[PDB]
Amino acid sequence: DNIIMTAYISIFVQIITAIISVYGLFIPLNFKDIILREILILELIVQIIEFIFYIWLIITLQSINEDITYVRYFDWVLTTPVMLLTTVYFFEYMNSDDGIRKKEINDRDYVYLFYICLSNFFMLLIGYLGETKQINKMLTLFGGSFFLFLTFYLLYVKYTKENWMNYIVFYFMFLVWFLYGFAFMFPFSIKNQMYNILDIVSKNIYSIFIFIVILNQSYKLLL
């Protein structure tokens, strides 16, 4: 019953986060802060895919007859590249001397951003092969972890600066994504409970963070 309970907890946070995010879109922004709204729009698009998966899950769990963990990959293969792009946009926001927008970043860096998303795709493909038992768990863990490390290395060396604001955002995200790999080791129920709660942290906490940064930047404009 704890897969269902953790799914409901995840859905609860998704709904409240979506409401917060929509109000966030309409907060007026100073010039330098425009990219924060570009990030929040993409986080809301991630939420649409996440929500469709979670409604599918709670309906499916009524009559589970097979191990449905692999179905998460149809969400992740869409959401995780968008989340890596929004992370790049947020690092560029933090670290850039004057105003920066996603078009400037995309137009400049599309090849490198492709590399990041291709590394991430290989991580997911290896996970999917392990989840569907087309390769053994040990090969899945080692190959998946290799591409997780490559993704986060490529992100670090291009987009971070050496300060504690950067270390918090980078290492929080790295640890949370690593813990999806940790979950892979566990039996059906425990693994799926872990994913249900991890999604709150990887997706919804990120949205709430961006909302609070917008509110902080814009508070004086609002009042």
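Numbers for residues come from their place in the sequence shown, where the first is 1.
field: Of 137-145 and 104-112, the stretch whose C-alpha atoms average the higher B-factor in the entry
entry: That would be 137-145.
- prompt: Where do the C-alpha atoms have the higher mean temperature factor in this entry, in 55-63 or in 38-46?
  reply: That would be 55-63.
task: Quick one: which of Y195, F26, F178, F172 shows the highest Cα temperature factor in the PDB entry?
output: By C-alpha B-factor in the record, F26 ranks first.
- prompt: Can you tell me which third, lowest, middle or highest, the CA B-factor of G99 falls into for its chain?
  reply: Highest third.
task: Could you look up the Cα B-factor of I15 in the entry and say which third of the chain it sits in: lowest, middle or highest?
output: CA B-factor rank for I15: highest third.
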